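Input: a single structure, listed below in structure tokens.
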Amino acid sequence: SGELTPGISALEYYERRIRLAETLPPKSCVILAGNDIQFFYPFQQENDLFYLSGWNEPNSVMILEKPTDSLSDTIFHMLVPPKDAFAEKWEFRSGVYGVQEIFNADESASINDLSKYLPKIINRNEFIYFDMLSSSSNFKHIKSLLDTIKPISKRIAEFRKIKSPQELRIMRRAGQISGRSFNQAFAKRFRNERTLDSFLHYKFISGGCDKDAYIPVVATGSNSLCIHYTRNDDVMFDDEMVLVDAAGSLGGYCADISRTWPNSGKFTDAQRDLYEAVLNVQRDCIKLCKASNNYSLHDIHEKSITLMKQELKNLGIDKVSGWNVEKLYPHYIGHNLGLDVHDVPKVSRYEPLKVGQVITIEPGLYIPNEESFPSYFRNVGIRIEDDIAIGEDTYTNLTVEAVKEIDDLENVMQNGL
Ligand SMILES: [Mn+2]
Ligand SMILES: [Mn+2]
């Protein structure tokens, strides 16, 4: 109650628009074209528009106008599909009076009026904040009208990368729901990737999430070497481990979890040695996620490379010809996380992490089927991923519920919950 979207009140959405208007010159207008229905897939709103309004309907356009240097003169425009009894019955729209009473649009009109509504705002402003390079139908519309125009998405990204305390909590909720789902999967046996896939999906939704945050990875055995494996339909065998990358989303905010565990419910000595190597690197990289350390995301990645090389050296598999650490650990340490899984990709990887940012820490080892490696290591892929909120002098593991220590994993797998 009092919320506009799950976890976020209408007051925070208003304060986000105020913060953006605090960076805009007089006589400016920000134009954001929402997404359309993709024929029909579950609707994904343009996240910059959703971040500033909470509006989750297709075929919509948002305009934030700053006529003077005063923050109280700002006008929040919303052009939406019209409140239509016949259209709503076949296709429930909030209408033009709901978008003002619920979503707090100072001014609104039907999306049909776009060609007669937008130019009057454009003509009375000097700076037009619109990304001429995205696509939506209103985007192709709005762009043709514009044939000073300034980009806006990256400026919004600098705000989105710093999560508010309310954003951190709803992401904590998504991570906790997703994490407890993994624990329930640990306690059960699965003979096929699709059964484990559909199980976690049901636990995400029934646990309280709206949808999957992303297309899940359920890769058993040698399938774990395929970094982008999504088929999730292979038989699972007793001797191998399964790599699962899956998480739920809540109110538009994404969690992101990777766990690897043996299908038999018990680690072999070989599986233990490889798993602890990845867990050692992940634990040490998570400990760096304090803003007082002034590390950038790239700093942590390069430290993850150094840490992984030492783990390979401890395992004696660090000097295989043609298989340096960048071929056994061939991806980045992580990424910002928020309304998008790979959130705010335009912010700098090289600037120090700040309080409120949420990044993943997901190192991995993927040993090829080469005779130059020990046979008990070949075709074994491991990734361990958690969502870390950056704090002043500490951090918050948003997905800490999902166990990952070997003793914790084997306790759940063999004794249940
Ligand atoms: Mn992931
Ligand atoms: Mn990730």
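Residues are named by chain letter and number: chains run A, B, ... in the order of the structure tokens, numbers start at 1 in each chain, and ligands are numbered from 1 in the order shown.
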_Just want the 9 Å neighbourhood of residue 159 in chain A, counted on only C-alpha atoms, with same-chain residues fewer than 6 positions away dropped. Output as a list in words._
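Near neighbours after the sequence-gap exclusion: residues 16, 19 and 20 of chain A.
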Export N, CA, C and O atoms of the chosen residues as a PDB file, in the first residue's frame?
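The result, stored in again.pdb:
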ATOM      1  N   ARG A  16      13.019  11.091  -8.271  1.00  0.00           N
ATOM      2  CA  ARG A  16      13.911  10.780  -9.385  1.00  0.00           C
ATOM      3  C   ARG A  16      13.769  11.805 -10.502  1.00  0.00           C
ATOM      4  O   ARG A  16      14.768  12.231 -11.094  1.00  0.00           O
ATOM      5  N   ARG A  19      15.520  14.929  -9.370  1.00  0.00           N
ATOM      6  CA  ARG A  19      16.973  14.822  -9.465  1.00  0.00           C
ATOM      7  C   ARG A  19      17.449  14.994 -10.902  1.00  0.00           C
ATOM      8  O   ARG A  19      18.480  15.630 -11.149  1.00  0.00           O
ATOM      9  N   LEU A  20      16.710  14.437 -11.865  1.00  0.00           N
ATOM     10  CA  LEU A  20      17.059  14.649 -13.266  1.00  0.00           C
ATOM     11  C   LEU A  20      16.871  16.107 -13.668  1.00  0.00           C
ATOM     12  O   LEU A  20      17.722  16.683 -14.357  1.00  0.00           O
TER      13      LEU A  20
END
*Using only C-alpha atoms and all ligand atoms, which protein or nucleic acid residues are at most 7 Å from ligand 2, as a PyMOL selection string?*
chain A and resi 256+334-335+341+360+362+385
Let me have all residues with an atom within 6 Å of ligand 1, counting only C-alpha atoms and all ligand atoms, laid out as a CSV table (one decimal) with N, CA, C and O atoms, in the first residue's frame.
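The new file pocket23.csv reads:
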chain,number,residue,atom,x,y,z
A,245,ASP,N,22.5,-20.9,-13.9
A,245,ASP,CA,22.4,-19.4,-13.8
A,245,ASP,C,21.0,-19.0,-14.1
A,245,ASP,O,20.5,-19.1,-15.2
A,256,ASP,N,20.4,-12.2,-9.8
A,256,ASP,CA,21.2,-12.8,-10.8
A,256,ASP,C,22.1,-13.8,-10.0
A,256,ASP,O,23.0,-13.4,-9.3
A,257,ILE,N,21.8,-15.1,-10.1
A,257,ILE,CA,22.5,-16.1,-9.3
A,257,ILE,C,23.1,-17.2,-10.2
A,257,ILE,O,22.4,-17.7,-11.1
A,258,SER,N,24.3,-17.6,-9.9
A,258,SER,CA,24.9,-18.8,-10.5
A,258,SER,C,25.3,-19.7,-9.4
A,258,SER,O,26.0,-19.3,-8.4
| task | Determine which residues of range 263-406 of chain A receive a DSSP assignment of strand (DSSP E or B), computed from the backbone, and state them as a PyMOL selection string. | result | chain A and resi 290+296+336+352+358-361+364-367+380-383+385-391+395-397
Just write the chosen residues, C-alpha atoms, as a tab-separated table (two decimals), in the first residue's frame.
chain	number	residue	atom	x	y	z
A	290	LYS	CA	33.60	-1.57	0.04
A	296	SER	CA	36.57	0.21	-9.91
A	336	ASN	CA	26.05	-3.60	-12.59
A	352	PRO	CA	35.66	3.71	-8.44
A	358	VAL	CA	24.91	-3.26	-7.13
A	359	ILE	CA	27.42	-5.44	-8.98
A	360	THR	CA	27.67	-9.17	-9.49
A	361	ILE	CA	30.76	-11.19	-8.58
A	364	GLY	CA	34.31	-19.14	-13.30
A	365	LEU	CA	36.49	-22.03	-14.43
A	366	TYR	CA	35.75	-24.01	-17.59
A	367	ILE	CA	38.27	-26.80	-18.20
A	380	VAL	CA	33.87	-29.37	-15.89
A	381	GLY	CA	32.45	-25.85	-15.84
A	382	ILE	CA	31.85	-23.94	-12.60
A	383	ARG	CA	30.43	-20.50	-11.88
A	385	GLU	CA	27.56	-15.67	-8.73
A	386	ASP	CA	26.16	-13.35	-6.06
A	387	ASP	CA	24.70	-9.84	-6.08
A	388	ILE	CA	26.68	-7.38	-3.96
A	389	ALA	CA	25.47	-3.94	-2.89
A	390	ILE	CA	28.34	-1.50	-2.37
A	391	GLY	CA	28.43	0.09	1.07
A	395	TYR	CA	28.81	-4.51	1.58
A	396	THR	CA	25.53	-6.43	1.52
A	397	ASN	CA	25.29	-9.89	-0.04
Rows by chain and residue number, range 119-151 of chain A within 10 Å of range 32-43 of chain A, shortest pair, only C-alpha atoms, as CSV:
residue,atom,partner,partner_atom,distance
A:129,CA,A:32,CA,8.6
A:130,CA,A:32,CA,6.9
A:131,CA,A:32,CA,8.4
A:134,CA,A:33,CA,9.7
A:135,CA,A:35,CA,7.6
A:136,CA,A:35,CA,5.2
A:137,CA,A:36,CA,7.1
A:138,CA,A:33,CA,5.8
A:139,CA,A:33,CA,5.4
A:140,CA,A:33,CA,9.2
A:141,CA,A:33,CA,9.2
A:142,CA,A:33,CA,7.8
A:143,CA,A:33,CA,9.8
Could the residues in this selection be written to a file with N, CA, C and O atoms, as a compact mmCIF listing (two decimals), in the first residue's frame?
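For reference, out.txt as written:
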# COMPACT_ATOMS: atom_id res chain seq x y z
N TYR A 129 16.07 16.78 -24.99
CA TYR A 129 16.79 15.61 -24.50
C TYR A 129 16.12 14.36 -25.05
O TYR A 129 15.10 13.90 -24.53
N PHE A 130 16.70 13.80 -26.12
CA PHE A 130 16.16 12.64 -26.80
C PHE A 130 17.31 11.91 -27.48
O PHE A 130 18.17 12.55 -28.09
N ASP A 131 17.31 10.59 -27.37
CA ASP A 131 18.36 9.76 -27.96
C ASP A 131 17.96 9.42 -29.39
O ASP A 131 17.13 8.55 -29.63
N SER A 134 18.28 4.65 -30.99
CA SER A 134 17.62 3.80 -30.01
C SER A 134 18.61 2.90 -29.28
O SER A 134 18.59 1.68 -29.44
N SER A 135 13.07 -1.28 -32.28
CA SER A 135 12.77 0.06 -31.79
C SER A 135 11.26 0.28 -31.72
O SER A 135 10.49 -0.37 -32.42
N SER A 136 10.85 1.21 -30.86
CA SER A 136 9.44 1.47 -30.64
C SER A 136 8.82 2.18 -31.85
O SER A 136 9.51 2.69 -32.73
N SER A 137 7.48 2.21 -31.87
CA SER A 137 6.77 2.94 -32.90
C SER A 137 6.75 4.44 -32.62
O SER A 137 6.93 5.25 -33.53
N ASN A 138 6.53 4.81 -31.35
CA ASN A 138 6.60 6.22 -30.98
C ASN A 138 8.01 6.77 -31.14
O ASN A 138 8.18 7.96 -31.42
N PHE A 139 9.03 5.92 -30.96
CA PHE A 139 10.40 6.37 -31.19
C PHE A 139 10.61 6.74 -32.65
O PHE A 139 11.09 7.84 -32.96
N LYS A 140 10.26 5.84 -33.57
CA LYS A 140 10.36 6.14 -35.00
C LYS A 140 9.53 7.37 -35.35
O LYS A 140 9.91 8.16 -36.21
N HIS A 141 8.38 7.53 -34.68
CA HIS A 141 7.60 8.75 -34.78
C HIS A 141 8.43 9.94 -34.32
O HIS A 141 8.89 10.73 -35.15
N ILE A 142 8.67 10.02 -33.01
CA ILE A 142 9.33 11.18 -32.40
C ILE A 142 10.61 11.55 -33.13
O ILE A 142 10.92 12.73 -33.33
N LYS A 143 11.37 10.54 -33.58
CA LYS A 143 12.62 10.82 -34.28
C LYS A 143 12.38 11.56 -35.59
O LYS A 143 13.12 12.50 -35.92
